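What follows is a short report on a single structure.
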Amino acid sequence: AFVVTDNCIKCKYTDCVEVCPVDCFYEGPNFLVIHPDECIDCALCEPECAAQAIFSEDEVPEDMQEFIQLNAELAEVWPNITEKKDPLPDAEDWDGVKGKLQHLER
Ligand code: SF4
Ligand code: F3S
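Numbering follows the deposited numbering, in which position 84 of the sequence shown is assigned residue number 84; successive positions increment by one, without gaps.
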């Protein structure tokens, strides 16, 4: 599985979904997650994300390990998303700010 990590929050560009062959992105108000059992590890979404928030599970930074199970949990409850949409307003402002987990919306 690939995993969406902190810099997605409050950015949510959603360019990542358009290349996902198996449609395994799930949408929250201000964050996206990858369903780890649906994900086929094709890696195509990783270069598409301007926030550089996507990692293969084995390369998730030590200080973002929580996002691995968070992705698996939220993918069970959020609705699938399979089409590009406009980035969040002020996405640019939040791209690169750390610890945005504190702002995650359910
Ligand atoms: S690695 Fe491939 S299958 Fe997994 S979420 Fe990214 S684009 Fe989809
Ligand atoms: S910011 Fe989030 S919505 Fe996809 S393009 Fe990057 S993982």
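A virtual CB, placed ideally from N, CA and C, is assigned to each residue, including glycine.
DSSP three-state call for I9: helix, strand or coil?
-> coil
On the premise that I68 lies in contact with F25, defined as a C-beta separation below 8 Å, what is that separation, rounded to the nearest angstrom?
-> Rounded to the nearest angstrom, the Cβ distance from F25 to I68 is 16 Å, too far for a contact under 8 Å.
What is the DSSP secondary structure of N71, counted as helix, strand or coil?
-> helix
How many whole angstroms separate the CB atoms of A91 and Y13, which I take to be in contact at a CB cut-off of 8 Å?
-> 6 Å
Going along the chain, which residues put their C-beta within less than 5 Å of some heavy atom in the ligand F3S?
-> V4, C8, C11, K12, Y13, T14, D15, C16, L32, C49, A51, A53
Using a threshold of 7 Å, is the CB atom of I40 nearer than that to any non-hydrogen atom of the ligand SF4?
-> yes
Closer than 7 Å: is that where the CB of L101 sits relative to any heavy atom of the ligand SF4?
-> No, Cβ of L101 sits at least 7 Å from all heavy atoms of the ligand SF4.
Using the Cα positions of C16 and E46, report the straight-line distance between them to the nearest angstrom.
-> Cα-Cα distance, rounded: 7 Å.
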